[PDB]
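Peer 1: In UniProt numbering, the protein residues as written are 52 to 79, 90 to 355, 369 to 786, 793 to 929. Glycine included, every Cβ here is placed at the ideal spot set by N, Cα and C.
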Amino acid sequence: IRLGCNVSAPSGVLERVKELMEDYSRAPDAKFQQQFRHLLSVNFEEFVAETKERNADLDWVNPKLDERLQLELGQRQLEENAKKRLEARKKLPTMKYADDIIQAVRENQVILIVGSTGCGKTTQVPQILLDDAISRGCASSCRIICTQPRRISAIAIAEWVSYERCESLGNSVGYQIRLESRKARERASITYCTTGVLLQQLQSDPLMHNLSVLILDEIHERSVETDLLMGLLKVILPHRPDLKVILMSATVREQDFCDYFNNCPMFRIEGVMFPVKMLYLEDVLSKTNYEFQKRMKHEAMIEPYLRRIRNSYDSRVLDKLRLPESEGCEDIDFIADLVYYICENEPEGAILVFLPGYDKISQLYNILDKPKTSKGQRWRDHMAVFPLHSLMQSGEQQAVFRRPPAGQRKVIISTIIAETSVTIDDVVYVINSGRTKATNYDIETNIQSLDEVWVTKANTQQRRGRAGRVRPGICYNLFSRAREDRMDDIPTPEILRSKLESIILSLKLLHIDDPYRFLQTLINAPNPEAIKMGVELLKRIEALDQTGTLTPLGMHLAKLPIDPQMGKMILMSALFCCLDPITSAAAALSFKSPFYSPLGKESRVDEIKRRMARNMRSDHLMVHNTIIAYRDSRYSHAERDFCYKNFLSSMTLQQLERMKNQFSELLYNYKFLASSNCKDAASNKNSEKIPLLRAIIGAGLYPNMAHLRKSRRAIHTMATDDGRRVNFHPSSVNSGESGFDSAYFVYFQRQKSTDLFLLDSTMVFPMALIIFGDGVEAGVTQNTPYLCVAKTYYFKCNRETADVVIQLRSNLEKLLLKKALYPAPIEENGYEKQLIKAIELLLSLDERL
DNA sequence: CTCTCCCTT
């Protein structure tokens, strides 16, 4: 047992703390207490019966409305706006199947529609279903909710389906995503919404009484949300006999869903695309004759294949396929030669080059942009080159989507981002390296890693379509066909890699009280060790009690659209009055950093972050300083100038602000705040006291802790609370710094790539951890009196302080348990505020003098 | 000294 620094407190401070705690100790309507008591008291049969009654709206139809839309439908079909658009709609493959789909819905509870891009299922199947019910005179009874994996798709589709109906957005077609909507009309409407939007609406409507038809789109992606939603539908539909569900899927393991729901009917709808030719490694080396120089394993895979084809390819073609570096991206110059080949031969079209990561995209850009070979110096001015990456600005400007100036060919070097989320239409040529980067979690060592891996068969098929948008294209695969045979069908289903705390808690609101029972009934059941490791977290942070049942704090956390640890952080900041700095910290972790990392500017960006941190040694606070600067830049009308100098995305910043505004309004609604404004000065009085901000950021990220012992940029020896060596990720403001006020850090996400990295970090002080943490006990180790936290970091402390801090932690826990059952803002002058001031006092003693 | 990608009445 090794001892750390002295946390003991002055007598005048300790004397005052005791004066306050004992003021609080002298203290003596809640609808929430009853609601929480009721959710625990009801069994599942009763939970069902009640939610039927409260969502009764759809048992009521408006025949005068029915008659009116049946009549305005038949009438506007003789007009000249529709009847081309009805006749151009009939050009879609789906429209041939209109009639057979309706009959399948009438005759079956769940059906499955399997179709590839362009078959029109997403745009047409909702219109198909709705227009039958308008014509049969049912129009008011019909409400269709169609879930999408991505926000962009939810809007675009809603605007497209809307232009096709000769309406503005917001009449019969509407979209709903997080913090934005054009809602369609109450009845006779199609709403496109993200899968997450629907799961939250289930808390008020767990059995879906508020829709006639559900359409899950892009279930083949195995998004976490879709797999849970299908799993819930096994529990829902038995009590929803009149409900009609349309599952919708690409042609990727389509049978899994057909199997999952009984043997339910399946429709396969033929695609619309331009044909794209597939070439593989042998086909590439045959055209360009590119030559290589600067385990096996690999020999065992390729040698069987070389024999079967030996007379289809030149012996110097087959001979090159023996090299481990011919497949994937290992030789970048090779991929450079192919782009150079496609520019010399071949028709005009854009080139899409899929490469695994940032590092590799930079490699090819620098080969293309400042080329050393003679062939490249020829082409350099004739290529218009965009890197495309989620941390790079390119996707947020119009440049990469528009076609290049005459006499130039547009060449994108991209990650997996251009596979779905971002779509470039003039791409006729796709170079698929077959390599990407993936996160993997190892339950045994509790290390998440990001490794370079081969893509799967489904990845390859989907990357091919991205060239078939405009004209017949080509897909160039840089791995052999024999390699494709060792590739998986699909990537690992998302639920199998993800932290389970947030779900397990959410299911409780739906009266699913045993997560091991439910989550096992999914298409893929998670590892049950991961559920446990998850329920064990929800017990630690006191959302579930030791028996595993929801606590009053737990019912709140499951009601907030953020992971359980930070929803609590946000609650702490309501009571401790740091709301604006904290909800910035929270929303940045839930979503993402505002900073771009454009190519070549890396050192310049670390400078902007270091200056934005204001030497606060906090990445989380660093983002908040950025938002404070952003809000002034909107006040100074300087906004664009601002985001350019600091490499910031104003699209992302507006979202963080929108999230923060949400957290405010939920807290104000839950009776934890007096104003729904996260800038309200009443709610922020403590928002400047940096030791307090670190104290809540600690209360939020605990138990993720790190310990720094070294010196020198500088060299760091730091270990996490488990003993494994870690370093600040090079993008964290804290990499390479020296001179920290404290050697202890809290972190959100730990990750191994080339080293064990902490991705973002906040320096905290021992006294703060010990208050808000757990595993606090006092004793004597040698002859030294100590105070520790988590039975790991033991600090020197004298006894008058231990007895007071330990008495302080009791009165804090008592307060929290009460504020959760009986929500109310802490009165500024009341008894509860007294305990707050006691903690503000103690934490303030760490201030930088 | 480095960064695959979605997303939550």
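Please give the ranges of any beta strand (DSSP E) in the segment 170-207, keeping only runs that are unbroken, at least 3 residues long and fully inside the region.
Peer 2: Counting only runs of 3 or more, we get 171-176.
Peer 1: Under 8 Å, do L426 and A492 count as touching if we go by C-beta distance?
Peer 2: Against a cut-off of 8 Å, the Cβ pair of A492 and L426 comes out as a contact.
Peer 1: How big is the Cα-Cα spacing for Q914 and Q887?
Peer 2: Cα to Cα, the separation comes out at about 14 Å.
Peer 1: With 16 other CB atoms within 10 Å as the buried threshold, where does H456 fall?
Peer 2: Per the 10 Å Cβ criterion, exposed.
Peer 1: At what residues does the alpha helix (DSSP H) containing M370 begin and finish?
Peer 2: Note, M370: premise wrong, no alpha helix (DSSP H); not H, not E.
Peer 1: Spatial neighbours of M686 within its chain, please: CB distance less than 6 Å, with the 5 preceding and 5 following residues excluded, ordered by chain position.
Peer 2: Around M686: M696, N699, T700.
Peer 1: Going by C-alpha to C-alpha distance, which of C752, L570, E114, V813 sits closest to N271?
Peer 2: Closest option to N271, Cα to Cα, is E114.
Peer 1: Taking only three categories from DSSP, how would you classify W528?
Peer 2: Strand.
Peer 1: Below 8 Å on the Cβ atoms is my contact criterion, and I expect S818 with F808 to pass it. Report the Cβ-Cβ distance as a whole number of Å.
Peer 2: So it is not a contact: roughly 12 Å between Cβ atoms.
Peer 1: Report all residues from its chain with a CB closer than 7 Å to the CB of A599; omit the five preceding and five following residues, and keep chain order.
Peer 2: Once the five neighbours on either side are set aside, the close Cβ partners of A599 are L593.
Peer 1: Going by beta-carbon coordinates alone, are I206 and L275 separated by less than 8 Å?
Peer 2: The answer is yes: Cβ separation under 8 Å.
Peer 1: What are the boundary residues of the alpha helix (DSSP H) that includes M156?
Peer 2: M156 -> alpha helix (DSSP H) spans 154-157.
Peer 1: If I measure Cβ to Cβ from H281 and keep anything under 6 Å in the same chain, skipping five residues before and after, which residues do I get?
Peer 2: Cβ neighbours of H281 beyond the five flanking positions: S310, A311, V313.
Peer 1: Report the three-state DSSP secondary structure of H99 (helix, strand or coil).
Peer 2: Three-state DSSP puts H99 in a helix.
Peer 1: Would you list the residues sitting across from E241 in a DSSP beta bridge?
Peer 2: Paired residues: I238.
Peer 1: When the Cα atoms are used, what is the spatial distance from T861 to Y873?
Peer 2: Straight-line Cα distance between these residues: approximately 13 Å.
Peer 1: My output table needs one value for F716: the three-state DSSP class, helix, strand or coil.
Peer 2: Reduced to three states, the DSSP call for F716 is helix.
Peer 1: Rounded to whole angstroms, what is the Cα-Cα separation between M843 and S750?
Peer 2: Using only the alpha carbons, I get a separation of about 30 Å.
Peer 1: Would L298 and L289 qualify as a contact pair, given that the criterion is a beta-carbon distance under 8 Å?
Peer 2: No, they are not a contact pair.
Peer 1: Do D433 and the ligand COA come close, with the Cβ less than 7 Å from some heavy atom?
Peer 2: The ligand COA is absent from the structure shown, which contains no ligands of any kind.
Peer 1: From the DSSP output, in three-state form, read off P461 for me.
Peer 2: Looking at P461 - three-state DSSP - the assignment turns out to be strand.
Peer 1: Apply the 10 Å Cβ neighbour rule to residue 364 and answer buried if 16 or more other Cβ atoms are within range, or exposed otherwise.
Peer 2: Gap note for the chain: numbering proceeds from 355 to 369 with nothing in between, so residue 364 has no coordinates.
Peer 1: Could you tell me the distance, in whole angstroms, from the CA atom of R540 to the CA atom of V501?
Peer 2: Straight-line Cα distance between these residues: approximately 7 Å.
Peer 1: Less than 6 Å between C-beta atoms, sequence neighbours within five positions excluded: which residues of the same chain meet that for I586?
Peer 2: The residues are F592.
Peer 1: Note down, one range per segment and in chain order, each beta strand (DSSP E) of at least 3 residues found wholly within the segment 250-330.
Peer 2: Runs of the beta strand (DSSP E) inside the segment 250-330: 250-255, 274-277, 305-310, 327-330.
Peer 1: Three-state secondary structure (DSSP) at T657?
Peer 2: Correct three-state label for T657: helix.
Peer 1: So, is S580 buried or exposed, given that buried needs 16 or more other C-beta atoms within 10 angstroms?
Peer 2: Counting Cβ neighbours within 10 Å, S580 comes out buried, since at least 16 surround it.
Peer 1: Can you give the Cα-Cα distance for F105 and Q639, rounded to whole angstroms?
Peer 2: Straight-line Cα distance between these residues: approximately 28 Å.
Peer 1: So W221 and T184 are in contact, right, with Cβ under 8 Å, and what is the actual spacing, rounded?
Peer 2: Yes, they are in contact, since the Cβ atoms of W221 and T184 sit about 6 Å apart, within 8 Å.
Peer 1: Rounded to the nearest angstrom, what separates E373 and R211 at their Cα positions?
Peer 2: For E373 and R211, the distance between alpha carbons rounds to 41 Å.
Peer 1: Looking at the structure shown, is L766 part of a helix, part of a strand, or coil, going by DSSP?
Peer 2: If DSSP states are grouped into helix, strand and coil, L766 belongs with the helices.
Peer 1: Give the secondary structure of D405 by DSSP, where H, G and I count as helix, E and B as strand, and everything else as coil.
Peer 2: The answer is coil: DSSP assigns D405 none of H, G, I, E or B.
Peer 1: Contact between the segment 875-889 and the segment 848-857: three or more CB pairs below 8 Å?
Peer 2: Enough Cβ pairs lie closer than 8 Å, so yes.
Peer 1: Could you name the residues of the same chain whose beta carbon sits closer than 8 Å to that of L230, not counting the 5 residues immediately before and after it, in chain order?
Peer 2: Excluding residues within five positions, the ones whose Cβ falls inside 8 Å are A219, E220, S223, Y236, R243.
Peer 1: Which of the three DSSP states, helix, strand or coil, is assigned to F852?
Peer 2: The answer is helix: DSSP assigns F852 an H, G or I state.
Peer 1: Relative to the C-alpha of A799, which candidate in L782, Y742, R786 has its C-alpha closest?
Peer 2: Ranking the options by Cα distance to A799, first place goes to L782.
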